[PDB]
């Protein structure tokens, strides 16, 4: 029938490749100015909204700013007052103001830094409108009160985060990060974003991009988040014990590479979820296991994607769930012992399920259904749907699931070819 999928070459995505991606030759200006002077800060916060930051800083709200050239952490440390950027032990720093890398800025943290602690109480965080590279180190949300990580307690309690804007480029490699992010726009944890639709009209910057490679993310509100992002690469990472999602690419992102990640322990929702027109992307060779909800989710008209060769096991609901995201290819996933269904397809058409293995799930191996979603929380205007399900199933195996190999309610069409179904 159909040839096996052609998946992107991951071999270029290297800490060594990464290090050669910035221009270090031209420094390097460092100011400490007021936050409200800067578009890159106004765009997720500000004036009638600066009260919280005045409280956190105990004074008129200020940021550390990098622009026109190159600055590393150690560079910042020397020029910025101790009260704001303090080295508490060799290689260990506490930032007590947010750090903004401006458009012409190039900011680097490398192996010279043991750990950079963002102060929770003083409301520290990182925003980059430009070039940023973080390699061989730790950047953690840090409670000065608790003398430790700003461990998660409640959704609305601020924690430090990393966010990047449109026009920017970001490479994180061999880096550890913990306890970042909370329930607040563009503040989810590590967030890659185009500008808010208004400001993008004016700035006309390109969609943001970069890599997150061989890094580890724990206790994040969302492990990864992105909005209108192009060609971002998430390879070789561990997402452990995060609060809401492990990896959460969003809102018209496209051409993404999410590969060879180990995503588990997600406390509230899914391991990996792409949502709202996340198209033409690749989710392959990932371990997504033991999340409170599903292993992998394609949601809200996310189309033209390839979910290939993923190890999806022991999630507390479905292994994979497709929600109103038609025209996707699931090839050769091993979907094993999830508490509910192995692969569930709701309101999606032309799903191709080739060579999947669905074993020992609590319910059906493969389950396809429809559901009228009109008088619900769904913004039918933003996220339309059509209550029809159709799928092509070729090869693979459905075995020892609790409720049976497959069940497809009211399908428009289902074709099955040479599928193994053991009794």
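Positions refer to the first chain, counted from 1.
Novice: Residues with no coordinates between residue 46 and residue 47 in the deposited sequence, how many: none, 1 to 3, 4 to 9, or 10 or more?
Specialist: Per the record, 1 to 3 deposited residues are absent between residue 46 and residue 47.
Novice: Between 199-207 and 147-155, point out the one with the higher average CA B-factor as the PDB entry records it.
Specialist: Higher of the two, by average CA B-factor, is 199-207.
Novice: Report the stretch with the higher mean CA temperature factor, choosing between 354-362 and 24-32 on the basis of the entry.
Specialist: For C-alpha atoms only, the mean B-factor is higher in 24-32.
Novice: If I read the C-alpha B-factors straight from the PDB entry, which of 248, 216, 87, 219 is highest?
Specialist: Checking the PDB record, the top C-alpha B-factor among 248, 216, 87, 219 is at 87.
Novice: Pick out which of 349, 273, 71, 335 has the highest C-alpha B-factor in the PDB entry.
Specialist: Highest C-alpha B-factor among the listed options: 71.
Novice: For residue 391, does the deposited CA B-factor place it in the lowest, middle or highest third of the chain?
Specialist: Middle third by C-alpha B-factor.
Novice: Tell me, lowest, middle or highest third: where does the Cα B factor of residue 194 rank within its chain?
Specialist: Middle third.
Novice: Within this chain, which third does the Cα B-factor at residue 310 fall in: lowest, middle or highest?
Specialist: Bottom third by C-alpha B-factor.
Novice: Using the B-factor values recorded in the entry, state whether the Cα atom of residue 255 falls in the lowest, middle or highest third among the modelled residues of its chain.
Specialist: Middle third by C-alpha B-factor.
Novice: Where does residue 54 sit by CA temperature factor within its chain: lowest, middle or highest third?
Specialist: Middle third by C-alpha B-factor.
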